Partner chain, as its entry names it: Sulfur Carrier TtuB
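To begin, one chain is listed below as structure tokens, in the form deposited without its partner chain.
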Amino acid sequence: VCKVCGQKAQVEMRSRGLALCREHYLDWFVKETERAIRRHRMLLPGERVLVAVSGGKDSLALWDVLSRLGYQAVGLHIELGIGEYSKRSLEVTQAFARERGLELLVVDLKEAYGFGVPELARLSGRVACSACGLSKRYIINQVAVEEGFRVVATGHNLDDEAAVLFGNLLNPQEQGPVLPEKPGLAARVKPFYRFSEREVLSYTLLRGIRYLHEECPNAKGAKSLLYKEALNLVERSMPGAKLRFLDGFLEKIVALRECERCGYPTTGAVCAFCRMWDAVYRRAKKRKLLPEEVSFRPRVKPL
């Protein structure tokens, strides 16, 4: 039965020995999120926070919770130009924001830089996921800094964190719930880092939030899915495995230069982002999808 009210439980979490009815699961989820924020000093009460929202279940749920917790949550969605997929992804995110009166920023990849993720993959040589992730992290950071946000919230859940940890162990040759802000670098927090993917999904469905069910025709996100399958196989027979795994690592145990192209932090002369888009533009000219006297002019960092 529901541990709080004694009525019929709607959600059962063996890993925590906890069973809750719909109304108290939603409340538990929201309170536990704030418990995570407070424990790790992720946010200040009512602070402006840039929420990276893709239209999927986690970041839409995160946007909902942070709003309910009274944070000034502004969403940033990035249109990746991956066909009808990215189109629907934008619609869902827009619908969410509209029907809740939340501020939503959009960066359209194709409109800003001329190429979506598909063409970007062909032109950079990198796998689609490499160029895409690189663009996502840079743009989200850039928008945060340019719009005066101190902290960015992403919707990475426990399955995601444990998959990353697992992958690093099996494949070094191929990031913590809180990353502190530095000059040119906004802070990044993961308030959902201890919720399982199943648990975040449960919140989303019970809250009635409509998200983009379908997933990208991913390329090397097929790796994370492999890691998740392996971890969940164990989790199925041994609840709390992912939590034990991630907690165990967490509770146990470099020079940055300004990019001479855009100004943002990097370890080299020019950052991987500018280096990628330069080569993409360069190869587009040789092909020639771009005018010869065109230059990639990245938005230089304040102040």
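Just so we're on the same page, rigid core means the largest C-alpha set that superposes within 1.5 Å between forms. Residue numbers count along the first chain shown, from 1.
There is also a form deposited with its partner chain bound; it is not shown, and the following applies to it.
Although the partner is absent here, residue 280 lies well away from its partner chain in the entry with it bound, with no heavy atom inside 4.5 Å. Looking at residue 8, you'd find a heavy atom of it within 4.5 angstroms of its partner chain in the entry with it bound. Though the partner is left out of this view, residue 87 does not reach within 4.5 Å of its partner chain in the entry with it bound, counting heavy atoms only.
Residue contact check for residue 198: one or more of its heavy atoms lie within 4.5 Å of its partner chain in the entry with it bound. Taken together, the three residues 159, 202 and 225 all lie with some non-hydrogen atom within 4.5 angstroms of its partner chain in the entry with it bound. Figure note: of the listed segments 211 to 219, 179 to 187, 76 to 84, 100 to 108, the one touching its partner chain in the entry with it bound, with heavy atoms no more than 4.5 Å away, is 211 to 219.
Residue in contact with its partner chain in the entry with it bound (any heavy atom within 4.5 Å), chosen from 127, 112, 95, 233: 233. The contact with its partner chain in the entry with it bound, taken as any heavy atom within 4.5 Å, belongs to 206 out of 164, 206, 139, 121.
Looking at 100, 213, 220, 88 after a core superposition between the shown form and the other one, you find that only 220 has a C-alpha shift of 2 Å or more.
Three angstroms is the minimum change: in the entry with it bound, the CA atoms of residue 221 and residue 138 sit farther apart than in this structure, by 3 Å or more. Compared with the form shown, the residue 219-residue 214 C-alpha separation decreases in the entry with it bound, the change being 3 Å or greater.
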